[PDB]
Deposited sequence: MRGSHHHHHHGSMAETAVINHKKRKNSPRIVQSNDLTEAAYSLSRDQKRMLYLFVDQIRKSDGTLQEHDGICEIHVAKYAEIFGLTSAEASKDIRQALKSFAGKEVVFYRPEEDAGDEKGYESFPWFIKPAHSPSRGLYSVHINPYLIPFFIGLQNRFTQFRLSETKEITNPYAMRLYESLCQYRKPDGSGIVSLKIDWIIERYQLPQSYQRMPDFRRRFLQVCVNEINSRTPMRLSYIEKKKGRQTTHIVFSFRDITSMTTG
């Protein structure tokens, strides 16, 4: 119900351009949490196979495989920041490795650390047991945002633009068509989030003439 660790990131992260799998995204929640505790710092993070396979209910050998590819797939992966403004960064600067059996040692870009600490009263938070039955990476990105506007009693109301969701979430070009965007993004991520998470969701589109432009996300804690 609560035993999972609360994550806290700068808004800056939540609104950024990048592609990451379900699995890499799962790792990312874990790194920023070693990061979160330091005091002057550099970004060497540890990844213990045994704990990952407990935290996400996976088998020991299936867990490594997920860690193992996800890491190789960070080569040449970038993230792009904003405000206007525009800046393009590599996640890792040195491949991760294993000095012993069952360990992994990643080397985070230390120019990033500013954007996990950042600056108070302008950030996002959620307990981790919330996110961890999603499988679609994007349905994660939506949940991070919806949380950004969550007010203390657990509900909220927000209107995101369609041009925008595309470019921060870095969805596929095939989805600039709108009926596709119905079938494989929205009809799917509002579903999975609303059955795998303590939150009821609903939306209503906002046309402007012959086009649809904004989605009007509005939600309340499933506790009522």
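- Note: segments 1 to 23, 63 to 66, 111 to 118, 260 to 263 of the deposited sequence have no C-alpha coordinates in the structure.
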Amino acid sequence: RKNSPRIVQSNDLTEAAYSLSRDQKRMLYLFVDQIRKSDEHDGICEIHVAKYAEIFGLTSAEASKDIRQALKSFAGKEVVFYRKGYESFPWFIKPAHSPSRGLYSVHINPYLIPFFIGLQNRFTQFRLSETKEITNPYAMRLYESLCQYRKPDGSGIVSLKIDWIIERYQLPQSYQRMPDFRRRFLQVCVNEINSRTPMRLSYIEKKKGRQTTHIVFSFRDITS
From here on, numbers count along this sequence of modelled residues.
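- Across the two stretches, 2 to 10 and 214 to 222, the PDB entry reports the greater mean Cα temperature factor for 2 to 10.
- Comparing 142 to 150 with 86 to 94, the higher mean C-alpha B-factor in the PDB entry belongs to 86 to 94.
- By the numbers in the PDB entry, the CA B factor is greatest at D42 among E167, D180, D42, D66.
- Within the group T197, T59, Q176, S159, the record's highest C-alpha temperature factor is found at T197.
- When the modelled residues of the chain are ordered by their C-alpha B factor, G118 lands in the highest third.
- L186: CA B factor lies in the lowest third for its chain, per the PDB record.
- Looking at the C-alpha B-factors along this chain, the one for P137 belongs to the lowest third.
- In the deposited entry, the Cα temperature factor of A70 places it in the lowest third of its chain's modelled residues.
- Per the deposited record, the Cα B-factor of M27 falls in the middle third when ranked against the other modelled residues of its chain.
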